[PDB]
Amino acid sequence: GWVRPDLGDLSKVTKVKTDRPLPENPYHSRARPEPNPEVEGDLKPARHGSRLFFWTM
Amino acid sequence: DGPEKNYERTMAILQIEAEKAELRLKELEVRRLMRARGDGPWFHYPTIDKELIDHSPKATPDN
Ligand SMILES: CCCCCCCCCCCCCCCCCC(=O)OC[C@H](COP(=O)(O)OCCN)OC(=O)CCCCCCCCCCCCCCCCC
């Protein structure tokens with residue numbers, strides 16, 4: 001009672017049931033470096049302007 | 001101009017110039033630390049963007 005699969009059947013992506021759990025760290029990755037702290041808040045005018053030498057603006 | 005106006009105008013001038021001078025010193029020390037440690041917004045040289053990586057299953061398994 002064996003039926004030959006039709007054209008395209010054997011190339012299907014199928015689902016399979018299993019007990020074995022999904023590996024947690026398959027690449028054995030280390031802990032990622034901490035991100036640089038976020039800079040946040042209200043953007044205010046520069047204090048006394050550019051402050052380049054004598055410029056007052 | 002009376003002495004009081006000139007006197008207190010000078011204190012206004014001195015305050016701004018003192019505040020700016022302190023900020024200039026702070027900027028030089030902040031720049032020194034940010035460059036040495038790379039932990040601040042300045043001197044942030046780009047690394048490869050990780051959104052370019054493709055995580056799809058490949059033609060072979062071990063990758
Ligand atoms: C350039 C004029 C001096 C000519 C001699 C040249 C000297 C050497 C030049 C080297 C650079 C030194 C310049 C020194 C000034 C810069 C420092 C400074 O003052 O920064 C702030 C300045 C505005 O000065 P502020 O105290 O805010 O006064 C406000 C008044 N409403 O904001 C600025 O930085 C810009 C000020 C530049 C000064 C000229 C602009 C004043 C407006 C004149 C424009 C002309 C209007 C008439 C147009 C006629 C058209 C027919």
Side-chain angles (χ1 to χ4, degrees):
Chain A
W2 287 0
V3 176
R4 201 190 192 252
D6 288 47
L7 198 80
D9 281 341
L10 282 175
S11 65
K12 285 170 169 182
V13 159
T14 65
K15 70 176 127 157
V16 64
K17 259 190 276 273
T18 167
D19 318 302
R20 169 182 73 77
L22 184 70
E24 268 309 333
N25 199 31
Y27 289 94
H28 302 233
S29 302
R30 302 194 300 140
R32 304 313 191 188
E34 289 301 334
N36 276 341
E38 176 52 288
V39 186
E40 32 46 65
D42 273 39
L43 188 78
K44 313 290 264 146
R47 264 145 78 157
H48 304 303
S50 67
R51 298 195 304 272
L52 179 68
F53 293 106
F54 53 80
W55 270 278
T56 74
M57 276 194 115
Chain B
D1 280 335
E4 307 104 323
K5 165 150 111 150
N6 182 70
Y7 186 90
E8 290 173 338
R9 182 171 66 208
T10 298
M11 293 172 90
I13 288 153
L14 277 171
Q15 167 159 83
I16 294 156
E17 297 294 330
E19 282 169 50
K20 288 199 295 203
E22 299 290 24
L23 288 170
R24 286 193 195 105
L25 292 172
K26 273 193 220 323
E27 208 203 321
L28 281 178
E29 171 53 15
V30 158
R31 284 161 66 131
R32 190 198 62 77
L33 285 168
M34 268 201 217
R35 186 165 212 164
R37 313 198 296 221
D39 58 343
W42 309 339
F43 313 99
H44 193 283
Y45 310 142
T47 51
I48 282 146
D49 182 10
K50 85 184 173 184
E51 316 302 340
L52 288 162
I53 297 169
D54 169 37
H55 300 300
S56 297
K58 303 305 197 298
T60 51
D62 304 311
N63 36 71

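Every chain is numbered from 1, with letters handed out A, B, ... down the list of sequences. Computed over heavy atoms, backbone and side chain alike; hydrogens, waters and symmetry mates excluded.
Atom CG of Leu52(A) is surrounded by more than 12 heavy atoms from other residues, nucleotides or ligands within 6.0 Å. The number of heavy atoms from other shown groups lying within 6.0 Å of CG (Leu52(B)) is above 12. Around the CG atom of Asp62(B), the shell of radius 6.0 Å holds no more than 12 heavy atoms that belong to other residues, nucleotides or ligands.
Counting only heavy atoms from C-beta outward, the side chains of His48(A) and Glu19(B) approach each other to under 4.5 Å.
The CZ atom of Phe43(B) lies 8.0 Å from the CE atom of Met34(B); values are rounded to the nearest 0.5 Å. A distance of 11.0 Å separates CZ in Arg37(B) from CG in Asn36(A), rounded to the nearest 0.5 Å. With rounding to the nearest 0.5 Å, the separation of CG in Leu23(B) from CZ in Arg47(A) is 5.0 Å.
Under the 3.5 Å distance criterion, the side-chain polar atoms of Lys5(B) are left unmatched by any main-chain donor or acceptor of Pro3(B).
Both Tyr45(B) and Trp42(B) belong to a single network of hydrophobic side chains, linked directly or stepwise wherever heavy atoms of I, L, V, M, F, W or Y lie under 4.5 Å apart.
Looking at every heavy atom in both residues, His44(B) comes nearest to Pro41(B) through CB-O, 3.5 Å.
A side-chain contact (heavy atoms from CB on, under 4.5 Å) with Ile13(B) holds for exactly one of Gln15(B), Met11(B), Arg9(B); it is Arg9(B).
Within the structure, every pair that satisfies the salt bridge (charged side-chain N to carboxylate O under 4.0 Å, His left out) test and touches residues 22-32 of chain B, not counting sequence neighbours, is listed here: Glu27(B)-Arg31(B), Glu29(B)-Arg32(B).
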